[PDB]
file start14.txt (compact mmCIF, C-alpha atoms)
# COMPACT_ATOMS: atom_id res chain seq x y z
CA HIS M 1 -21.04 26.35 -6.26
CA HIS M 2 -22.17 28.23 -3.14
CA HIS M 3 -22.48 25.99 -0.05
CA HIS M 4 -22.50 22.86 -2.20
CA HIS M 5 -20.01 20.02 -2.57
CA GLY M 6 -19.94 16.93 -4.78
CA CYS M 7 -18.66 11.59 -0.85
CA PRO M 8 -19.09 8.01 0.42
CA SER M 9 -21.18 7.71 3.57
CA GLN M 10 -19.08 7.73 6.78
CA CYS M 11 -16.17 9.27 4.85
CA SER M 12 -15.11 12.92 4.75
CA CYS M 13 -14.20 14.63 1.49
CA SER M 14 -12.52 17.92 0.58
CA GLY M 15 -11.36 18.84 -2.90
CA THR M 16 -9.81 15.66 -4.28
CA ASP M 17 -9.11 14.19 -0.81
CA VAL M 18 -11.29 11.29 0.35
CA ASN M 19 -10.80 10.31 4.01
CA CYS M 20 -12.37 6.92 4.77
CA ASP M 21 -9.99 6.16 7.63
CA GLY M 22 -11.53 4.55 10.68
CA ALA M 23 -15.01 3.86 9.36
CA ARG M 24 -14.51 0.09 9.88
CA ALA M 25 -14.75 -4.36 6.28
CA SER M 26 -15.08 -3.50 2.59
CA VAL M 27 -14.06 -0.56 0.40
CA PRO M 28 -16.97 1.92 0.11
CA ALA M 29 -18.71 2.29 -3.22
CA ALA M 30 -18.73 5.48 -5.30
CA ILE M 31 -15.37 6.97 -4.47
CA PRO M 32 -15.21 9.82 -7.03
CA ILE M 33 -13.07 9.04 -10.06
CA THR M 34 -11.37 12.43 -9.70
CA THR M 35 -9.99 11.45 -6.28
CA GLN M 36 -6.27 12.12 -5.86
CA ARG M 37 -5.67 11.16 -2.21
CA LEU M 38 -7.52 8.24 -0.61
CA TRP M 39 -7.33 7.07 3.02
CA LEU M 40 -8.57 3.50 3.63
CA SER M 41 -6.47 2.99 6.75
CA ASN M 42 -7.75 1.79 10.12
CA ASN M 43 -10.63 -0.23 8.72
CA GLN M 44 -11.39 -3.89 8.89
CA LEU M 45 -10.00 -4.96 5.55
CA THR M 46 -8.62 -8.47 5.22
CA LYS M 47 -8.86 -8.65 1.41
CA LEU M 48 -9.59 -6.37 -1.54
CA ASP M 49 -11.87 -6.95 -4.51
CA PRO M 50 -9.71 -7.29 -7.66
CA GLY M 51 -10.19 -4.16 -9.71
CA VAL M 52 -11.48 -2.11 -6.73
CA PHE M 53 -9.15 0.81 -7.65
CA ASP M 54 -9.26 0.51 -11.44
CA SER M 55 -11.36 3.64 -12.00
CA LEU M 56 -9.31 5.80 -9.62
CA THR M 57 -6.67 6.59 -12.24
CA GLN M 58 -5.80 10.01 -10.81
CA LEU M 59 -4.70 8.70 -7.38
CA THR M 60 -1.38 10.03 -6.14
CA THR M 61 -1.71 8.89 -2.49
CA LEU M 62 -3.25 5.58 -1.30
CA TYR M 63 -3.23 4.53 2.37
CA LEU M 64 -4.13 0.96 3.30
CA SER M 65 -2.14 0.98 6.54
CA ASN M 66 -3.39 -0.63 9.78
CA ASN M 67 -5.89 -3.00 8.30
CA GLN M 68 -5.60 -6.77 8.58
CA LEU M 69 -4.86 -7.44 4.93
CA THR M 70 -3.89 -11.09 4.39
CA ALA M 71 -3.21 -10.86 0.65
CA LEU M 72 -3.46 -8.46 -2.26
CA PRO M 73 -5.08 -9.52 -5.54
CA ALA M 74 -2.79 -9.64 -8.57
CA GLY M 75 -2.87 -6.39 -10.55
CA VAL M 76 -4.76 -4.40 -7.93
CA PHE M 77 -2.57 -1.27 -8.46
CA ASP M 78 -2.06 -1.61 -12.26
CA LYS M 79 -4.16 1.46 -13.14
CA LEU M 80 -2.72 3.80 -10.52
CA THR M 81 0.12 4.95 -12.71
CA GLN M 82 0.35 8.40 -11.07
CA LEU M 83 0.70 7.04 -7.53
CA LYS M 84 3.46 8.67 -5.46
CA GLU M 85 2.67 7.38 -1.95
CA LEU M 86 1.54 3.83 -1.11
CA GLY M 87 0.98 2.76 2.51
CA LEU M 88 0.75 -0.95 3.22
CA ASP M 89 2.35 -1.05 6.69
CA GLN M 90 0.73 -2.68 9.73
CA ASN M 91 -1.15 -5.43 7.92
CA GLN M 92 -0.92 -9.24 7.78
CA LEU M 93 0.78 -9.55 4.39
CA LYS M 94 3.14 -12.48 3.76
CA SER M 95 4.15 -11.61 0.17
CA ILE M 96 3.26 -9.29 -2.72
CA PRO M 97 1.91 -10.73 -6.03
CA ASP M 98 4.46 -10.76 -8.84
CA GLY M 99 4.51 -7.47 -10.73
CA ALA M 100 2.25 -5.60 -8.31
CA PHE M 101 4.33 -2.38 -8.34
CA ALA M 102 5.56 -2.61 -11.93
CA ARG M 103 3.18 0.03 -13.27
CA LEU M 104 3.91 2.58 -10.50
CA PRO M 105 6.89 4.56 -11.86
CA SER M 106 6.26 7.72 -9.83
CA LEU M 107 6.44 6.24 -6.29
CA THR M 108 8.47 8.28 -3.79
CA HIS M 109 7.08 7.03 -0.43
CA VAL M 110 6.27 3.37 0.24
CA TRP M 111 5.53 1.88 3.66
CA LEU M 112 5.88 -1.90 4.01
CA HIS M 113 6.93 -2.38 7.64
CA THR M 114 5.05 -4.25 10.37
CA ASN M 115 3.94 -7.10 8.10
CA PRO M 116 4.77 -10.79 8.71
CA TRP M 117 6.69 -11.25 5.47
CA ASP M 118 7.35 -14.97 4.91
CA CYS M 119 10.92 -15.03 3.66
CA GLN M 120 11.39 -18.79 3.48
CA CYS M 121 8.56 -19.12 0.93
CA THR M 122 9.28 -18.76 -2.79
CA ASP M 123 6.58 -16.07 -3.10
CA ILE M 124 8.69 -13.46 -1.26
CA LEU M 125 11.09 -13.04 -4.19
CA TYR M 126 9.15 -10.39 -6.12
CA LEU M 127 9.07 -8.15 -3.04
CA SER M 128 12.70 -8.90 -2.11
CA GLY M 129 13.91 -7.92 -5.57
CA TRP M 130 11.65 -4.87 -5.67
CA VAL M 131 12.88 -3.50 -2.33
CA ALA M 132 16.48 -4.22 -3.31
CA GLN M 133 16.03 -2.19 -6.50
CA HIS M 134 13.91 0.66 -4.99
CA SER M 135 15.56 1.06 -1.63
CA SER M 136 15.51 4.86 -1.51
CA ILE M 137 11.68 5.04 -1.38
CA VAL M 138 10.92 2.46 1.38
CA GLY M 139 10.44 4.16 4.75
CA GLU M 140 8.56 4.98 7.93
CA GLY M 141 6.99 8.02 9.54
CA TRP M 142 5.15 10.98 8.09
CA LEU M 143 6.19 14.48 6.99
CA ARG M 144 8.65 15.71 9.64
CA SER M 145 9.22 12.14 10.84
CA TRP M 146 9.52 10.54 7.40
CA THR M 147 12.75 8.57 7.12
CA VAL M 148 13.90 6.09 4.52
CA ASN M 149 14.81 2.73 5.99
CA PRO M 150 14.53 -0.14 3.48
CA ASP M 151 15.60 -2.68 6.09
CA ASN M 152 12.34 -2.11 8.02
CA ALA M 153 10.57 -4.57 5.71
CA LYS M 154 11.51 -7.59 7.82
CA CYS M 155 11.25 -11.37 7.62
CA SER M 156 8.85 -12.79 10.19
CA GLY M 157 10.63 -14.85 12.83
CA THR M 158 14.24 -13.92 11.95
CA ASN M 159 13.96 -10.10 11.49
CA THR M 160 16.32 -10.28 8.55
CA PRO M 161 15.55 -7.62 5.89
CA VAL M 162 13.36 -8.83 3.01
CA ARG M 163 15.64 -7.15 0.50
CA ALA M 164 18.54 -9.51 1.44
CA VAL M 165 16.61 -12.68 0.50
CA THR M 166 17.75 -14.37 -2.73
CA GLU M 167 16.29 -17.29 -4.64
CA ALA M 168 18.69 -19.94 -3.38
CA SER M 169 17.55 -19.62 0.24
CA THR M 170 13.82 -20.11 -0.45
CA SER M 171 11.69 -23.20 -0.81
CA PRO M 172 8.27 -23.83 -2.33
CA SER M 173 7.56 -26.26 0.53
CA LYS M 174 7.61 -23.33 2.98
CA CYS M 175 4.60 -21.70 1.26

call {"tool": "encode", "arguments": {"input": "start14.txt", "output": "structure tokens"}}
result
Amino acid sequence: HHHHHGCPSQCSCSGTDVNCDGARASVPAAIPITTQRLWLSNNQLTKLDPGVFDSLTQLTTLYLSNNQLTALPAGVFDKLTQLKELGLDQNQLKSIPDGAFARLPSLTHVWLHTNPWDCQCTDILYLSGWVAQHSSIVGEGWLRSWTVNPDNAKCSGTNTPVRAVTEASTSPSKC
């Protein structure tokens, strides 16, 4: 269509890219269901509505980096089965809900660094096992600077890698 495109206010859209980075506290409504790449980085997010992404089944890239996310809701990524890139770095996450990445078989780039992962608490063990089993996709940087480095998901206060934590060192009382 001549000089006509199909976009959330304060975001910029082109093709199936939706750039909502840096608009500032909640995920905008009416992100098109055909969206393949979604930037939600550099906003004010401290939580997500459960189900917020459930209609965006064609997503291949999702950036949530550099928010202040304190927790993710269980199942929040369950519908994003075509996701290849998932950015969660530079947030305030202490653990990942059990099973959160289980339905994401196509991941090739995952960013988890610069979060205060709480490795003494029982709830770290899903993430510890996941990183240990998917080490070749956990990294840092972008394009020319992309480098895999699974030890950059680090335990707050000791800087030990999250993937080295096993059940016998954790305690429910530290949650």

call {"tool": "closest_atom_pairs", "arguments": {"input": "start14.txt", "of": "stretch 9-102 of chain M", "to": "stretch 108-128 of chain M", "cutoff": "6 Å", "atoms": "only C-alpha atoms", "output": "tab-separated table"}}
result
residue	atom	partner	partner_atom	distance
M:84	CA	M:108	CA	5.3
M:85	CA	M:109	CA	4.7
M:86	CA	M:110	CA	4.9
M:87	CA	M:111	CA	4.8
M:88	CA	M:112	CA	5.3
M:89	CA	M:112	CA	4.5
M:90	CA	M:114	CA	4.6
M:91	CA	M:115	CA	5.4
M:92	CA	M:115	CA	5.3
M:93	CA	M:115	CA	5.5
M:94	CA	M:117	CA	4.1
M:95	CA	M:124	CA	5.1
M:96	CA	M:127	CA	5.9
M:98	CA	M:126	CA	5.4

call {"tool": "write_last_selection", "arguments": {"input": "start14.txt", "atoms": "C-alpha atoms", "output": "tab-separated table (two decimals), in the frame of the given file"}}
result
chain	number	residue	atom	x	y	z
M	84	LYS	CA	3.46	8.67	-5.46
M	85	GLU	CA	2.67	7.38	-1.95
M	86	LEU	CA	1.54	3.83	-1.11
M	87	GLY	CA	0.98	2.76	2.51
M	88	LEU	CA	0.75	-0.95	3.22
M	89	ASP	CA	2.35	-1.05	6.69
M	90	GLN	CA	0.73	-2.68	9.73
M	91	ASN	CA	-1.15	-5.43	7.92
M	92	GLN	CA	-0.92	-9.24	7.78
M	93	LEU	CA	0.78	-9.55	4.39
M	94	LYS	CA	3.14	-12.48	3.76
M	95	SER	CA	4.15	-11.61	0.17
M	96	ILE	CA	3.26	-9.29	-2.72
M	98	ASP	CA	4.46	-10.76	-8.84

call {"tool": "residues_around", "arguments": {"input": "start14.txt", "residues": "residue M:149", "least_positions_apart": "3", "cutoff": "10 Å", "atoms": "only C-alpha atoms", "output": "VMD selection string"}}
result
chain M and resid 111 113 135 to 140 146 152 to 153

call {"tool": "closest_atom_pairs", "arguments": {"input": "start14.txt", "of": "stretch 44-155 of chain M", "to": "stretch 11-30 of chain M", "cutoff": "12 Å", "atoms": "all atoms listed in the file", "output": "tab-separated table"}}
result
residue	atom	partner	partner_atom	distance
M:44	CA	M:25	CA	4.3
M:45	CA	M:25	CA	4.8
M:46	CA	M:25	CA	7.5
M:47	CA	M:26	CA	8.2
M:48	CA	M:26	CA	7.4
M:49	CA	M:27	CA	8.4
M:50	CA	M:27	CA	11.4
M:51	CA	M:27	CA	11.4
M:52	CA	M:27	CA	7.7
M:53	CA	M:27	CA	9.5
M:55	CA	M:30	CA	10.1
M:56	CA	M:30	CA	10.4
M:58	CA	M:16	CA	9.5
M:59	CA	M:16	CA	9.2
M:60	CA	M:17	CA	10.3
M:61	CA	M:17	CA	9.3
M:62	CA	M:18	CA	10.0
M:63	CA	M:21	CA	8.7
M:64	CA	M:21	CA	9.0
M:65	CA	M:21	CA	9.5
M:66	CA	M:22	CA	9.7
M:67	CA	M:25	CA	9.2
M:68	CA	M:25	CA	9.7
M:69	CA	M:25	CA	10.4

call {"tool": "atom_distance", "arguments": {"input": "start14.txt", "atom1": "atom CA of residue M:70", "atom2": "atom CA of residue M:82"}}
result
25.2 Å

call {"tool": "atom_distance", "arguments": {"input": "start14.txt", "atom1": "atom CA of residue M:38", "atom2": "atom CA of residue M:131"}}
result
23.6 Å

call {"tool": "atom_distance", "arguments": {"input": "start14.txt", "atom1": "atom CA of residue M:104", "atom2": "atom CA of residue M:83"}}
result
6.2 Å

call {"tool": "residues_around", "arguments": {"input": "start14.txt", "residues": "residue M:105", "least_positions_apart": "2", "cutoff": "7 Å", "atoms": "all atoms listed in the file", "output": "PyMOL selection string"}}
result
chain M and resi 81+103+107

call {"tool": "axis_aligned_box", "arguments": {"input": "start14.txt", "around": "stretch 69-78 of chain M", "padding_each_side": "3 Å", "output": "AutoDock Vina command-line options"}}
result
--center_x -3.6 --center_y -6.2 --center_z -3.7 --size_x 9.0 --size_y 15.8 --size_z 23.2

call {"tool": "closest_residue", "arguments": {"input": "start14.txt", "among": "M:175, M:162, M:71, M:76", "to": "residue M:129", "atoms": "only C-alpha atoms"}}
result
M:162

call {"tool": "closest_residue", "arguments": {"input": "start14.txt", "among": "M:141, M:8, M:161, M:73", "to": "residue M:32", "atoms": "all atoms listed in the file"}}
result
M:8

call {"tool": "closest_residue", "arguments": {"input": "start14.txt", "among": "M:132, M:72, M:7, M:40", "to": "residue M:166", "atoms": "all atoms listed in the file"}}
result
M:132

call {"tool": "residues_around", "arguments": {"input": "start14.txt", "residues": "residue M:99", "least_positions_apart": "6", "cutoff": "10 Å", "atoms": "all atoms listed in the file", "output": "list in words"}}
result
residues 74, 75, 77, 78, 126, 127 and 130 of chain M
